Amino acid sequence: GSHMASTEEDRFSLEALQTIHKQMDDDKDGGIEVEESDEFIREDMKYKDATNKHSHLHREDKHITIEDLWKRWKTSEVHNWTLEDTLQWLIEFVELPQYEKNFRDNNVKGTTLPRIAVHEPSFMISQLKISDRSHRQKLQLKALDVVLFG
Ligand SMILES: [Ca+2]
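According to PDB author numbering, the sequence shown holds residues -5 to 0, 62 to 205 in order.
So this is what it looks like as structure tokens:
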């Protein structure tokens, strides 16, 4: 295809970011318009945050470009989280201490957070005994959360 997934890392990271960017910047015009962003926040993020998500990030920096997400999260703690950070955030904000050991030990460190996949296969799923609903939903929405909130 024209769009060609080069490496699995970009498939996870670039495509995750491309997908969320497309969901907010529908036109991917290179600027997530705060009003565009609002629509994706209104449900997917709504499970946690609705107006504050944009008020914190898009407080000024509204129009976020596809590349901007990359640098944004690159310069955000989410991507810098190690195995201890990731898991502490998991039980603290996810409340799933029954799988923290699996993730941590299988070696999860700020990885599956920007490497979850909404439509494609995720990363955490391989690193958990079962690619079950609770696992995917917990991390998909919470990773979506930490990525898009930063
Ligand atoms: Ca747009």
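C-beta atoms are modelled at their ideal positions from N, C-alpha and C, and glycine is treated no differently.
Could you check the C-alpha separation between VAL202 and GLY86 for me, to the nearest Å? Here residue 202 corresponds to residue number 147 of the sequence shown, with the count starting at 1. Here residue 86 corresponds to residue number 31 of the sequence shown, with the count starting at 1. C-alpha separation (whole angstroms): 17 Å.
Using only alpha-carbon positions, find the residue among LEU194, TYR102, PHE67 and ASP123 that is nearest to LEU142. If you number the sequence shown from 1, residue 142 lands on position 87. The candidate whose alpha carbon is nearest that of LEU142 is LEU194.
What's the call for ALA(-1), buried or exposed, on a 16-neighbour Cβ count within 10 Å? The residue given as residue -1 occupies position 5 in the sequence shown. Exposed, since its Cβ has fewer than 16 Cβ neighbours within 10 Å.
For review: beta carbons within less than 7 Å of any heavy atom in ligand 1: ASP80, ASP81, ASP82, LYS83, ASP84, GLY86, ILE87, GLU88 and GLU91
Just how far apart, CA to CA, sit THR137 and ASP81? Start at 1 with the first residue of the sequence shown, and residue 137 comes out as number 82. Start at 1 with the first residue of the sequence shown, and residue 81 comes out as number 26. The straight-line gap from Cα to Cα measures roughly 32 Å.
For the alpha helix (DSSP H) that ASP140 lies in, which residues bound it at each end? Position 85 of the sequence shown, counted from the start, is the residue given in the question as residue 140. Note, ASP140: alpha helix (DSSP H), 138 to 144.
Top-ranked residue by Cα proximity to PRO169, from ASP65, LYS101 and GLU147: Within the sequence shown, the letter at position 114 stands for residue 169. Out of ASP65, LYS101 and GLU147, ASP65 has the C-alpha closest to the C-alpha of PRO169.
What whole-angstrom Cβ distance do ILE121 and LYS83 have, given they're in contact under 8 Å? Sequence index remark: in the sequence shown, residue 121 carries index 66 (1-based). Sequence index remark: in the sequence shown, residue 83 carries index 28 (1-based). Yes, they are in contact, since the Cβ atoms of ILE121 and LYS83 sit about 6 Å apart, within 8 Å.
In whole angstroms, what separates the C-alpha of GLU94 from that of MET79? Taking the first residue of the sequence shown as 1, we reach residue 94 at position 39. Taking the first residue of the sequence shown as 1, we reach residue 79 at position 24. If I take the Cα positions, the gap works out to 7 Å.
For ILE121, the three-state DSSP class (helix, strand or coil): Position 66 of the sequence shown, counting from 1, holds the residue named residue 121. Three-state DSSP puts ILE121 in a helix.
Taking only the alpha-carbon atoms, compute the straight-line gap between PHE148 and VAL89 and give it to the nearest angstrom. Along the sequence shown, one-based indexing puts residue 148 at 93. Along the sequence shown, one-based indexing puts residue 89 at 34. Cα to Cα, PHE148 sits roughly 25 Å from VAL89.
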